[PDB]
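Shown below, as structure tokens, is a lone chain in the form deposited in one PDB entry; questions about how it binds or moves come after it.
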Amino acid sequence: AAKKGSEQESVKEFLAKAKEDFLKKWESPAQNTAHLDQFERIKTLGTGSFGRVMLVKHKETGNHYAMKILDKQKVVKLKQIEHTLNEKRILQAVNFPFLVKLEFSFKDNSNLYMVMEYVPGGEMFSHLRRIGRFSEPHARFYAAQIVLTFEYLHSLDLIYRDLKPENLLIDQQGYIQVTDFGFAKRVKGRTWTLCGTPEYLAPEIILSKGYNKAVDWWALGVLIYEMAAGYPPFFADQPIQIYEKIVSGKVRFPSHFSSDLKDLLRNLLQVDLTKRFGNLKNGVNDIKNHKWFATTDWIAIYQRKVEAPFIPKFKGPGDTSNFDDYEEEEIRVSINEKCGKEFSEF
């Protein structure tokens, strides 16, 4: 995990070039690249606090997409202005196999819109709950993709801050695509916002300490646990009870967890930041070289050459049978511009 021969130089050169591409778009973001009338709105794929994600059809090409719609007035009430500007500026700038692609973005009097690739295989969440738990090889396959994705994101000084099965989509090749960058932030050094999802919060977030990218590696610990066990390492009926368990310093593993898996998780679900994997001298390499990952070919994962554990059912284009049904609502567009100044850069 400490060795710096030639494989680490290939990684470095890849990341150097990736940062070059990212910064060009970070500094000159794409803006106003489509219009609502160019899309036919089909079905709601999911919901969130300030809006919904809808399956749409692009009229000129006939391509399907997932369009995230945010009500500007609701974003403001929930004080998510800057986070929403973060989300779009970051998503239009990144490029990685396991990140959902932003194809267009635009706004009107009422809403903000982010039009992303449609990922037809459904949320990992749906599959995980239905099957119960994933086998360790199954969980390892998904986990490896998140490891490379965080290596990418962190090298760009990004923190993701909302890892959970609800935000991971399975594509037609059986690989992962990360969605929802609502809390992603570009920051060098500490930040302090209390945000994320209760089950996945690192102790330092709960305790208002100021934190960094190590919270993503803690969340990875939670994700792997939840994939392999079928339930999260810290659960209860109320968030406050969840936080008490998280800060307590105690975790217990199912008896079917392998010795290697438990050792990896003890190092990820580590309250002591000076000991948490991903946050040490060797960076992500402490994770990549842990023997739970000994069978993982990292390059093969990146190239999508590894055989996926399962391939979602696909009933032709536009099919949503891998997604839950949601109540449909009208996209109303006011005749007056709302919150113009606040979202001018969107």
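Heads up: residue numbers just count along the shown sequence, starting at 1. Superpose the two forms; the largest set of C-alphas matching within 1.5 Å is the rigid core.
Just so it is clear, the following notes concern the form deposited in another entry, a form of the same protein that is not shown.
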Compare C-alpha positions between this form and the one not shown after fitting on the rigid core and state which of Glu27, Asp297, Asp37, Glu307 moves by at least 2 angstroms.
-> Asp37
Do you see a C-alpha shift of 2 Å or more at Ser126 between this form and the one not shown, with the core held fixed?
-> no
Take the rigid core as the frame of reference and indicate whether the C-alpha of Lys74 shifts by 2 Å or more between this form and the one not shown.
-> yes
Verify the C-alpha shift of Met54 between this form and the one not shown: is it 2 Å or more after superposing the core?
-> yes
